[PDB]
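*Asks:* Here it is, the structure in full.
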Amino acid sequence: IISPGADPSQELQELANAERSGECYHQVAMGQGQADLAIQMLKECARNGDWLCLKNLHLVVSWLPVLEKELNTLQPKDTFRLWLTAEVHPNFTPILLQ
Amino acid sequence: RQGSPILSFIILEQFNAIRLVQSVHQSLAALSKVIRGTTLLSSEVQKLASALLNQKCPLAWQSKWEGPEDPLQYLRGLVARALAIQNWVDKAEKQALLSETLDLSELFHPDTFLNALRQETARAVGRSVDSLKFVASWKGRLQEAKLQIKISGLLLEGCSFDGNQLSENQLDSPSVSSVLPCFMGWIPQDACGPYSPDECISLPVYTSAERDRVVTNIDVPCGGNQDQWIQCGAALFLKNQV
Amino acid sequence: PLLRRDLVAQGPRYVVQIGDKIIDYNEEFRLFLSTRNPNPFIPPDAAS
Amino acid sequence: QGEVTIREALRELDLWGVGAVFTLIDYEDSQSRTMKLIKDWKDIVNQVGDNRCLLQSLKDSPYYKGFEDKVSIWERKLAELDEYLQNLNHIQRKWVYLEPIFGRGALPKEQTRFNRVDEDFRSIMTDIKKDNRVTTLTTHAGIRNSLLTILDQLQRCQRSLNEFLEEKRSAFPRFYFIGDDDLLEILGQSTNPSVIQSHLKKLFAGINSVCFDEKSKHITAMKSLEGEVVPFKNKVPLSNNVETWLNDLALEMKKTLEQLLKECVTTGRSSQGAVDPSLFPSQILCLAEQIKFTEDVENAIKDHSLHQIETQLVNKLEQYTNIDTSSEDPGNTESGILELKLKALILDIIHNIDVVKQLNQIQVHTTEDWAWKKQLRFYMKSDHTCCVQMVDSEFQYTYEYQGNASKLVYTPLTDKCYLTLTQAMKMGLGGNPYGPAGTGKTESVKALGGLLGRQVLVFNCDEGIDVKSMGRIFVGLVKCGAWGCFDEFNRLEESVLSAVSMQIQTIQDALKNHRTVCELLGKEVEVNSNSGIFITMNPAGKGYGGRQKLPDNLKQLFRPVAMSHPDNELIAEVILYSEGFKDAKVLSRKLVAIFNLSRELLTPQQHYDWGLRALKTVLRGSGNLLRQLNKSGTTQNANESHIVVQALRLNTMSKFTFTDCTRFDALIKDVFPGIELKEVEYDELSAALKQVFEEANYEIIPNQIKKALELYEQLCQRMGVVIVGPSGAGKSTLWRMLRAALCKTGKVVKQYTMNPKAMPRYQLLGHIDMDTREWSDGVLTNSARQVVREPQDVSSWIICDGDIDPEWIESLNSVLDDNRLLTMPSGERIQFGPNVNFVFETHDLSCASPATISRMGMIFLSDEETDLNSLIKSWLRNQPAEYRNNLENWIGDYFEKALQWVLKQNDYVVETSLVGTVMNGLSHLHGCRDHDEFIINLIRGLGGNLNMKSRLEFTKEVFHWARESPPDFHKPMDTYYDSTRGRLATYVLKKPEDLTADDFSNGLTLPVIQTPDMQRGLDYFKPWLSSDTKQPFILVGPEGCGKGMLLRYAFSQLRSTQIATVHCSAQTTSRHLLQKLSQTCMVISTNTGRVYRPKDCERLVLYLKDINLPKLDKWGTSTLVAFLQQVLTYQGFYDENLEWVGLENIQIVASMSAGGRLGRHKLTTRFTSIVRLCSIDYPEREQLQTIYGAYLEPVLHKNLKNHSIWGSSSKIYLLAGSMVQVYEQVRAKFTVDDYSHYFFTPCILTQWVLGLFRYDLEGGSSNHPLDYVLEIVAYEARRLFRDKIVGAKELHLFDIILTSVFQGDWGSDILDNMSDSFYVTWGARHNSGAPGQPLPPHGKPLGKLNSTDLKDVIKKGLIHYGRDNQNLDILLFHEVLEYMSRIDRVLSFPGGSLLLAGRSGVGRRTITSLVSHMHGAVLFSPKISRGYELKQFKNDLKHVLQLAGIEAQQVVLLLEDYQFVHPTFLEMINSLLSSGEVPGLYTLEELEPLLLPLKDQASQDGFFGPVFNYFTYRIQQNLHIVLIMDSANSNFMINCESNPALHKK
Ligand SMILES: Nc1ncnc2c1ncn2[C@@H]1O[C@H](COP(=O)(O)OP(=O)(O)OP(=O)(O)O)[C@@H](O)[C@H]1O
Ligand SMILES: Nc1ncnc2c1ncn2[C@@H]1O[C@H](COP(=O)(O)OP(=O)(O)O)[C@@H](O)[C@H]1O
Ligand SMILES: Nc1ncnc2c1ncn2[C@@H]1O[C@H](COP(=O)(O)OP(=O)(O)O)[C@@H](O)[C@H]1O
Ligand SMILES: [Mg+2]
Ligand SMILES: [Mg+2]
């Protein structure tokens, strides 16, 4: 959860480097049009076993069902992780939060 | 604006104030009429009641005048001033305004009032108004200032004030600290101050604790130990509830 | 239309509305359904 | 007998015809050929313009008439000709570019496309090579369509090239910020000089123009705009591949600069001062001097503090200031330039002085001490490539040519700025200088790019530009190694930002780790290590307005800076000294004070600005003078002092209200006592201006002159200018007059007018189609291109006469910036010269961010400056003046106090600027024959605007003022002049004879009783309606007032004309009007552009039912009104596809509810002051007895006219007495406030009386008669009211009310208890009892049935329904009966629809299903699919409407809560109910097949004019709608209130 002045991207940058290498880590900032591609990124990196990070989810609140739906679907590989950035937004879906 | 310029300010205030009072009154008369009698809410009075129960007076009013967030606290202030003002005016028509002690709590645009003396002094002194500079002094009355003021009900937080010095506040002490009235006015640049340059420390004079905006800032007796006051975050708030 | 017994009589058998599609309602048909989240959602329209 | 003149004009016009011919010139190709082609186009077209405007000039003279027929020829032919002509040069110029291009890129399948065109072009071209003359070109056949098809082909080949153009932007990156339109010119015509010069600057920062070798093979040199000539060390090789030589120019320019520098520096390092002022460009001098500074210093500190070095510099400076006067002698020097290049260098020195001066106080220990590292340092590396360093950050220098553009004065703030920025660049981060408005932060970056020498692009972030569209722009920047500042990055779509942050992050990571290649949009882009990214944004301020909050993620990628406070007094003096003004330090201090003090002690107007931008200008304001004054006379003391103030009073005096104006002037005296005053001096213009007012027949008033004059130099001063005041202030006229006066001496004025709010955001600004990723213009974007092509000695003005929103306007920031530039989001950008001015006209700047306010100049008008007695005079001249004598005398004395009283009162129906009110008063007064009449007409004019009770106060006092109190004792309102008798006034009731069911046949044209009110509304209209006297106006009255009823009558009075209606709502928009208008109105072409004309009508009229409803943007302006605003003002509008279309003949009219209720939004003064208006109120209960008394008689006399109790015309009037009595009591006790839907109006009285037709009151038998007739009345009543009412207690309350009146007025319990009985369609005499598709006019008749009788009858229906649908164990009980009885009545009635609100499971749906089935009503409910869409729905609706409207079968359209997958549905229904139509539901072509059948039917039925309305009518009769909704549903209550029509209908 971000607060004003909070940026974890740098810590993660470092952890990506530290606990992994190889540029397996890939990332996406939410915005216009990204959502369709994010699915692919997710799908691909999940399948690969690489680390994927997604930012500013609070902006795109309507998405989330589609996302969480796909999350219950998607098949992990050991060493695959999902990293998520969110300002405080209500109406943010409880399912994924769970 | 009348021939004498200070007064011009106060008559202005008189008017603009009353204008607000009556805007408020109308936004009050409206909502006063739906509850007891026959009216249909417009989006206006629909927006009025939203203000009350959000506990924040309306952007409608706060656009006109930056007042306290609490709507009642707003009114009490608005009103108390309105009347005081009529008293100021009275003392002013008679050219008698200087002579009393005036708290700046009352004014909506107190800064502007201050800057209004700046004219009247230069009128008396026949000087380019850019030439003057402003100060106050607790250690007596300003000699070189053609006109002055006695300002009371100033108030302070974070440091304590005794004549000629400031001190540290102890735990017990209420955050709020009453301050002794000033003598204020306008005086030549490159003329001798009331205080030497280095002893006094400038402090803001905020409209409230929120302290969004400032009326002015005043130089005040350091008594050495400059940083501690700053870290103390000492500041002056002109008035509360007025 | 499915949740209501919104069935129309076509001779002996009963046909049912789904989108544009009209289907014979097989009388042995029963339905049940689930969700991971309490709400959302239902309208009072749907509660009944 | 002056027909002679016009005859003579025509003759020579005719002589011109044959005389017209061409300039044909040969040309060779890429595929070398030769063709004749046109030159001096503009010269030729001007002919057209001039002659055509001449024609229309002629049209206005009377003597025109006699020769009218010939005018039409020429009007037609020319109107058409300009169109043809205009097309052709586009065609030509496009071919010119594309043919070379289609020669080289020869894909034969693409060549087909183009070759066909080449062929097609050359083809008709030769018809003209052959036929040299022009007039022939209209004779050619199908040319219209030829031309138009061609252009479309050119559109399409362009699309093929799209793929290609980007590969050419990859091939060379500066292209990324240039328009395709231009690009292909350059691609195609690489060789062409004028192309080159006219398209070079826009490509390259520095170079206005270039020198050309006589051979035109090479280039020896380049020019700055300023004229500063620069040679090229190595000559330029022009080449066939554009990029191949371009790339070389860049590098040869760089090499030229590169060598040129060291040459210069090496002479300067040696003790001999370089002093090659003539040789070297001021760009290099400053630089070279600045390393001299650097080297000196580091050698300096070691040796000594070296105050001697300082003194050197003071002598250098001192030397230069003296030369400043030696640079005044040359003036406009022959073959000479750059004397102001001197002024440039001065400030470097002086910055240096104050730099060193501070260091000398520090007495710095070492060369590499920190306070020096602070300072901005230059070095010529041993590699001979310059480098510049601050602290531990250093950067190599790009050597981009900047040429001479003022650099901003260094200041403490800039230290911070620069350093934080350089540090950010060290961090590989962007830098975010933020602050308030007029800070200077945008310009800073720009100048730091200059000092560092990179090429800097400016951007304006608006319009939520596509992430993709940003992407490319980045892609462009990166390759160029340019510096991209965005001005107002803030104002951007939050979803964009976040995605873009990802773009940024990846790029930074490349710069930091020095990756050669960067990946973005799936593209690998070789990225320049020398790139820079910055953003200059105001905070998301309380004041600032519409700008989107930034994600924290994104923030981190920048290093912020606080630019909030900028030292001015420093900057102030500096500039004066750069001018060489001597008392700099003294005066600078004064100005700053004057500002700060003005700001301190003057009324804090919204519109005032004492920000920096204002100040910056005053300084040029003097530099202009000082530049003039030395030439005219030789220099002296008192002047210099004296001069600044003039330069100041320019910016100043506009804004000031008289009070403030005086207060300011007095202030200046104090700080500048000796100076006194010097007024505006210039009369040359005022003369021309004075002339125009006389020629326009406007009265000459001094202030107008002042403000216009004032306005003039204000325009010279700054790019953008504003005019503020209420409507009728005169502000629009003001500027219009100016151009005319000006134009007489002043070569040109080009006028383009956006009402920005009227049209959508994109229409104005222009946009990127998301799919094609193709640009499509906006109006002003287009207009910009029109003005840039325009010649150097022309004035161009863009007017925005509309309300202001930071979201749209702030998009001109780069344009009105110190920097004059307009930015497309495609990257294309459009600088302007001093040719261009911009103008805004507006009601007020409430919504203005300060940014915009300070961004531009401004003028102010008040009521104080508005002169009324002065304006009335012009009204008097407008009158014939046969009575004008009388009027001057009457009005002079009478008007004023009557006016006053109303202003005192300030109790009135709608906000109108004075003018607005006045005018209403005046427009009613024309033609007034007697004094007696004038009195009435006066009051008429004004009392339109008063809330009713205060009307009386007025009228009354008017007779106190007038001679006599009015003839009417009571209701003196009612007093009407007698035109023939001259008998003053009273009002009369007029009983009509003819009344029967026939008169009441229709839903509309309902026979209307003519009580006094009527004759008042009509009398208060009619002047404004008829012919010559025409005005646009409004009616205000609460719904059910009668407005609709009255107007309908009023229109019918007029013989000339047709009546186009609109039923409005929030969703109502301009295009709805386009089309509703287009249906009944012409589409034609004339001189002065296309126009819409009324078809087969002498006049046309637009009636708009409710103006309030169209939605206001957040800023509070409906675009719909804004449209209408534009229309009245500029008799026209911008067609989509950017055509401007006029409107030749339409009165515009509206109705509306008083603004009381929720969401009936109120309308800007701008519009309201423009038009006339008036108000009416429900007739008094006394009058309502009379309506219905007379509306009642026919229904009773149709049957049983004799029967004892009936007839008895007093007993009839009684009914009216009681219902009206019921009416009141129920409105008193029940209101909107209890429940949204509690809507009661006389409409309901009507619905109640006329509802009685349906009941079989025959009483063929002798009647009770009370209990028969009255239970009916009761039952109807009960059905209209009680059904509607919610609460048990409230129903109980209602019943009381009802019972009371009935008992009191007739017997006691003639109600009794009739709970067992239901009156229903099922069971009526005459055996009505399914077939019967067309409904009775007053609906299916109704008879009286028992409960037990009925219970059978329902099961009869249930049985027979069981055959068609599923059978159901549905039980019966009283409520069910009640439910169904109530529905039957509704569904029998034509247009009758329901709204069934209740809790689920007590089905509206099961009962409704049946009734309709039993009616034989066709019953539709949409099948809902995952593909729920607007497409489904449109189809469905279309289908339903088709049925009820064409087939005429009665149809139930049914909907439940679940069906509304999209909020819009309801607005359609909402519209459908009210109007029987829906906008953008049918397209025009679709109608032809649909309504063809009805064309006869309608004519047989008897209707006149447009069929669609018939369609509509038909719909409304046989189409019934039903809606089931749940009280519990959250938005239930919402929607009801959202869609007013819903509970009204
Ligand atoms: N010099 C003049 N003498 C007499 N009447 C004038 C003069 N100039 C303008 N008028 C009249 O004054 C009225 C108002 O002027 P104007 O139309 O400029 O106001 P405006 O700027 O258009 O306000 P808005 O743009 O809000 O409508 C018009 O009816 C116009 O005909
Ligand atoms: N002078 C009148 N004569 C007859 N009916 C009237 C008169 N005035 C009002 N009414 C009744 O009041 C209603 C006025 O409605 P109308 O004017 O058509 O709509 P609106 O009031 O919304 O513009 C009508 O239904 C009409 O029967
Ligand atoms: N009189 C009745 N006897 C038996 N069942 C009834 C009766 N009225 C309603 N129902 C039940 O409710 C259903 C009809 O509900 P419906 O009219 O669809 O509710 P709604 O219109 O509020 O959505 C019937 O199919 C039946 O199951
Ligand atoms: Mg800027
Ligand atoms: Mg105007």
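Chain labels follow the order of the structure tokens: the first chain is A, the next B, and so on; residue numbering restarts at 1 in every chain, and ligands are counted from 1 in their shown order.
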Ligand 2: which residues are within 8 Å, counting only C-alpha atoms and all ligand atoms? Reply as a PyMOL selection string.
*Replies:* chain D and resi 1004+1006-1011+1013-1014+1037-1047+1105+1151-1153+1178-1179+1184+1187-1188+1191+1241-1247
*Asks:* Contacts from chain A to chain C, 10 Å maximum, only C-alpha atoms: show me the residue list as a PyMOL selection string.
*Replies:* chain A and resi 93-96+98
*Asks:* Neighbouring residues of ligand 1 are defined here as those with any atom at most 6 Å from a ligand atom, counting only C-alpha atoms and all ligand atoms; list them as a PyMOL selection string.
*Replies:* chain D and resi 698-700+726-734+871+874+1166
*Asks:* What is the distance between atom CA of residue 1101 of chain D and atom CA of residue 1081 of chain D, in Å to one decimal?
*Replies:*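 Answer for the atom CA of residue 1101 of chain D to atom CA of residue 1081 of chain D separation: 10.5 Å.
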*Asks:* Would you please work out which residue, of C:28, C:42, C:21, C:8, is nearest to chain D when using only C-alpha atoms?
*Replies:*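 Ranked by minimum distance to chain D, first place goes to C:8.
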*Asks:* Starting from chain C, keep only residues with some atom at most 6 Å from an atom of chain D, counting only C-alpha atoms, and report them as JSON, numbers by chain.
*Replies:* {"C": [8, 9, 19, 20]}
*Asks:* With C-alpha atoms retained, write the just-selected residues as a PDB file, in the first residue's frame.
*Replies:*
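File written: selection23.pdb
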```
ATOM      1  CA  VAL C   8     -43.983 -20.893 -22.757  1.00  0.00           C
ATOM      2  CA  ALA C   9     -46.219 -23.763 -23.775  1.00  0.00           C
ATOM      3  CA  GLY C  19     -31.144 -14.087 -25.256  1.00  0.00           C
ATOM      4  CA  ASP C  20     -32.620 -14.462 -28.766  1.00  0.00           C
TER       5      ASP C  20
END
```
*Asks:* Fewer than 3 positions away in the same chain doesn't count, so skip those; otherwise give me all residues within 8 Å of segment 67-77 of chain A, counting only C-alpha atoms, as a compact mmCIF listing (two decimals) with C-alpha atoms, in the first residue's frame.
*Replies:*
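As a result, out28.txt now contains:
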```
# COMPACT_ATOMS: atom_id res chain seq x y z
CA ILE A 39 -2.90 -10.33 -18.90
CA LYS A 43 0.32 -15.32 -18.39
CA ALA A 46 3.67 -17.08 -14.76
CA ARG A 47 4.39 -19.75 -17.30
CA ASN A 48 8.09 -18.74 -17.34
CA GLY A 49 8.72 -18.59 -13.62
CA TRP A 63 -10.57 -4.02 -13.95
CA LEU A 64 -10.03 -6.03 -10.92
CA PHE A 80 7.17 -16.95 -9.99
CA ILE A 95 -11.70 -11.22 -3.35
CA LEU A 96 -8.22 -10.45 -4.51
```
*Asks:* Could you go through segment 2-54 of chain A and tell me which residues DSSP, when run on the backbone, assigns to alpha helix (DSSP H), listing them as JSON, numbers by chain?
*Replies:* {"A": [9, 10, 11, 12, 13, 14, 15, 16, 17, 18, 19, 34, 35, 36, 37, 38, 39, 40, 41, 42, 43, 44, 45, 46, 47, 48]}
*Asks:* Hey, can you spit out that residue selection with C-alpha atoms as an mmCIF file, in the first residue's frame?
*Replies:*
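Once everything was written out, this is again-v6.cif:
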```
data_model
loop_
_atom_site.group_PDB
_atom_site.id
_atom_site.type_symbol
_atom_site.label_atom_id
_atom_site.label_comp_id
_atom_site.auth_asym_id
_atom_site.auth_seq_id
_atom_site.Cartn_x
_atom_site.Cartn_y
_atom_site.Cartn_z
ATOM 1 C CA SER A 9 9.835 0.207 -7.003
ATOM 2 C CA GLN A 10 13.348 1.025 -5.963
ATOM 3 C CA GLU A 11 13.471 -1.518 -3.122
ATOM 4 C CA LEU A 12 12.087 -4.047 -5.536
ATOM 5 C CA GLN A 13 14.512 -3.041 -8.193
ATOM 6 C CA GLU A 14 17.171 -3.910 -5.703
ATOM 7 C CA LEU A 15 15.561 -7.145 -4.515
ATOM 8 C CA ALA A 16 15.036 -8.286 -8.074
ATOM 9 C CA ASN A 17 18.752 -7.852 -8.575
ATOM 10 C CA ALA A 18 19.653 -9.296 -5.222
ATOM 11 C CA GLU A 19 17.566 -12.486 -5.059
ATOM 12 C CA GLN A 34 -2.439 -1.645 -20.479
ATOM 13 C CA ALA A 35 -4.937 -4.062 -19.045
ATOM 14 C CA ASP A 36 -5.213 -6.354 -22.053
ATOM 15 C CA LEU A 37 -1.413 -6.576 -22.329
ATOM 16 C CA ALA A 38 -0.994 -7.136 -18.589
ATOM 17 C CA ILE A 39 -2.905 -10.329 -18.904
ATOM 18 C CA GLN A 40 -0.390 -11.558 -21.474
ATOM 19 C CA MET A 41 2.519 -10.404 -19.402
ATOM 20 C CA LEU A 42 1.082 -12.199 -16.422
ATOM 21 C CA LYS A 43 0.316 -15.320 -18.389
ATOM 22 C CA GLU A 44 3.779 -15.369 -19.923
ATOM 23 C CA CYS A 45 5.825 -14.645 -16.821
ATOM 24 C CA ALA A 46 3.672 -17.083 -14.762
ATOM 25 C CA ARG A 47 4.387 -19.747 -17.295
ATOM 26 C CA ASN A 48 8.091 -18.743 -17.337
#
```
*Asks:* Could you tell me how far atom CA of residue 1202 of chain D sits from atom CA of residue 1269 of chain D, in Å to one decimal place?
*Replies:*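 Going from atom CA of residue 1269 of chain D over to atom CA of residue 1202 of chain D, I get 14.4 Å.
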*Asks:* Extract the full set of strand (DSSP E or B) residues from segment 6-46 of chain C according to DSSP on the backbone, and format it as a list in words.
*Replies:*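 Residues meeting the strand (DSSP E or B) criterion: residues 7, 8, 9, 10, 13, 14, 15, 16, 17, 18, 21, 22, 23, 24 and 25 of chain C.
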*Asks:* Please, could you write that set of residues out with N, CA, C and O atoms as a PDB file, in the first residue's frame?
*Replies:*
```
ATOM      1  N   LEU C   7     -41.701 -20.007 -18.729  1.00  0.00           N
ATOM      2  CA  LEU C   7     -41.773 -21.042 -19.733  1.00  0.00           C
ATOM      3  C   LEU C   7     -42.970 -20.821 -20.596  1.00  0.00           C
ATOM      4  O   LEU C   7     -44.036 -20.521 -20.082  1.00  0.00           O
ATOM      5  N   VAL C   8     -42.819 -20.987 -21.900  1.00  0.00           N
ATOM      6  CA  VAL C   8     -43.983 -20.893 -22.757  1.00  0.00           C
ATOM      7  C   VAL C   8     -44.346 -22.249 -23.327  1.00  0.00           C
ATOM      8  O   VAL C   8     -43.465 -23.041 -23.706  1.00  0.00           O
ATOM      9  N   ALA C   9     -45.656 -22.482 -23.390  1.00  0.00           N
ATOM     10  CA  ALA C   9     -46.219 -23.763 -23.775  1.00  0.00           C
ATOM     11  C   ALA C   9     -46.186 -23.941 -25.284  1.00  0.00           C
ATOM     12  O   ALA C   9     -46.909 -23.257 -26.004  1.00  0.00           O
ATOM     13  N   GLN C  10     -45.319 -24.838 -25.746  1.00  0.00           N
ATOM     14  CA  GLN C  10     -45.277 -25.263 -27.147  1.00  0.00           C
ATOM     15  C   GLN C  10     -45.761 -26.703 -27.207  1.00  0.00           C
ATOM     16  O   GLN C  10     -44.980 -27.646 -27.043  1.00  0.00           O
ATOM     17  N   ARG C  13     -44.606 -29.623 -24.680  1.00  0.00           N
ATOM     18  CA  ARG C  13     -43.361 -29.232 -24.068  1.00  0.00           C
ATOM     19  C   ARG C  13     -43.289 -27.724 -23.869  1.00  0.00           C
ATOM     20  O   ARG C  13     -44.121 -26.959 -24.371  1.00  0.00           O
ATOM     21  N   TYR C  14     -42.314 -27.323 -23.070  1.00  0.00           N
ATOM     22  CA  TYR C  14     -42.241 -25.962 -22.610  1.00  0.00           C
ATOM     23  C   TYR C  14     -40.917 -25.421 -23.062  1.00  0.00           C
ATOM     24  O   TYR C  14     -39.910 -26.041 -22.801  1.00  0.00           O
ATOM     25  N   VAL C  15     -40.953 -24.289 -23.773  1.00  0.00           N
ATOM     26  CA  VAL C  15     -39.738 -23.610 -24.262  1.00  0.00           C
ATOM     27  C   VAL C  15     -39.474 -22.293 -23.550  1.00  0.00           C
ATOM     28  O   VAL C  15     -40.391 -21.572 -23.167  1.00  0.00           O
ATOM     29  N   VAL C  16     -38.203 -21.946 -23.483  1.00  0.00           N
ATOM     30  CA  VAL C  16     -37.689 -20.951 -22.575  1.00  0.00           C
ATOM     31  C   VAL C  16     -36.729 -20.009 -23.265  1.00  0.00           C
ATOM     32  O   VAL C  16     -35.998 -20.391 -24.192  1.00  0.00           O
ATOM     33  N   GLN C  17     -36.705 -18.793 -22.745  1.00  0.00           N
ATOM     34  CA  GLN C  17     -36.022 -17.706 -23.375  1.00  0.00           C
ATOM     35  C   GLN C  17     -34.636 -17.476 -22.839  1.00  0.00           C
ATOM     36  O   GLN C  17     -34.430 -17.291 -21.644  1.00  0.00           O
ATOM     37  N   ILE C  18     -33.692 -17.436 -23.752  1.00  0.00           N
ATOM     38  CA  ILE C  18     -32.338 -17.133 -23.422  1.00  0.00           C
ATOM     39  C   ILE C  18     -31.816 -16.257 -24.501  1.00  0.00           C
ATOM     40  O   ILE C  18     -31.602 -16.732 -25.590  1.00  0.00           O
ATOM     41  N   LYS C  21     -32.303 -16.778 -28.289  1.00  0.00           N
ATOM     42  CA  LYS C  21     -32.494 -18.225 -28.336  1.00  0.00           C
ATOM     43  C   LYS C  21     -33.668 -18.709 -27.517  1.00  0.00           C
ATOM     44  O   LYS C  21     -33.908 -18.258 -26.416  1.00  0.00           O
ATOM     45  N   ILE C  22     -34.365 -19.669 -28.095  1.00  0.00           N
ATOM     46  CA  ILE C  22     -35.540 -20.293 -27.529  1.00  0.00           C
ATOM     47  C   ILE C  22     -35.151 -21.728 -27.347  1.00  0.00           C
ATOM     48  O   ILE C  22     -34.740 -22.390 -28.285  1.00  0.00           O
ATOM     49  N   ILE C  23     -35.279 -22.254 -26.158  1.00  0.00           N
ATOM     50  CA  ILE C  23     -34.840 -23.611 -26.004  1.00  0.00           C
ATOM     51  C   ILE C  23     -35.885 -24.420 -25.325  1.00  0.00           C
ATOM     52  O   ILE C  23     -36.644 -23.892 -24.554  1.00  0.00           O
ATOM     53  N   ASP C  24     -35.941 -25.711 -25.620  1.00  0.00           N
ATOM     54  CA  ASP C  24     -36.872 -26.555 -24.897  1.00  0.00           C
ATOM     55  C   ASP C  24     -36.291 -26.737 -23.529  1.00  0.00           C
ATOM     56  O   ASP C  24     -35.115 -27.028 -23.334  1.00  0.00           O
ATOM     57  N   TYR C  25     -37.166 -26.509 -22.584  1.00  0.00           N
ATOM     58  CA  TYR C  25     -36.881 -26.668 -21.223  1.00  0.00           C
ATOM     59  C   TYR C  25     -37.120 -28.127 -20.911  1.00  0.00           C
ATOM     60  O   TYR C  25     -38.282 -28.605 -20.891  1.00  0.00           O
TER      61      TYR C  25
END
```
*Asks:* Need the shell around segment 3-7 of chain A: protein/DNA/RNA residues with any atom at most 8 Å away, counting only C-alpha atoms. Skip same-chain ones fewer than 4 positions apart. Format as a list in words?
*Replies:*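 So the residues in contact are residues 11, 87 and 88 of chain A; 552, 553 and 556 of chain D.
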*Asks:* Those residues you just picked out, can you put them in a file as an mmCIF file, in the first residue's frame with N, CA, C and O atoms?
*Replies:*
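Here's the written file out_8.cif:
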```
data_model
loop_
_atom_site.group_PDB
_atom_site.id
_atom_site.type_symbol
_atom_site.label_atom_id
_atom_site.label_comp_id
_atom_site.auth_asym_id
_atom_site.auth_seq_id
_atom_site.Cartn_x
_atom_site.Cartn_y
_atom_site.Cartn_z
ATOM 1 N N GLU A 11 13.165 -0.351 -3.954
ATOM 2 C CA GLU A 11 13.471 -1.518 -3.122
ATOM 3 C C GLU A 11 13.352 -2.800 -3.935
ATOM 4 O O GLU A 11 14.188 -3.699 -3.852
ATOM 5 N N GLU A 87 -2.458 2.674 -4.094
ATOM 6 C CA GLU A 87 -2.869 3.748 -3.214
ATOM 7 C C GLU A 87 -4.072 3.204 -2.459
ATOM 8 O O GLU A 87 -4.579 2.127 -2.732
ATOM 9 N N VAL A 88 -4.519 3.943 -1.480
ATOM 10 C CA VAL A 88 -5.701 3.549 -0.762
ATOM 11 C C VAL A 88 -6.889 3.851 -1.656
ATOM 12 O O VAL A 88 -7.113 5.008 -2.031
ATOM 13 N N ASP D 552 2.333 8.930 -7.036
ATOM 14 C CA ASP D 552 3.584 9.030 -6.292
ATOM 15 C C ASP D 552 4.675 8.238 -6.969
ATOM 16 O O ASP D 552 5.839 8.645 -6.986
ATOM 17 N N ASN D 553 4.292 7.088 -7.504
ATOM 18 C CA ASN D 553 5.194 6.306 -8.316
ATOM 19 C C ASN D 553 5.964 7.212 -9.245
ATOM 20 O O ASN D 553 7.197 7.201 -9.305
ATOM 21 N N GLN D 556 8.645 10.113 -8.177
ATOM 22 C CA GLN D 556 9.991 9.699 -7.806
ATOM 23 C C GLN D 556 10.976 9.789 -8.942
ATOM 24 O O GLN D 556 12.167 9.990 -8.721
#
```
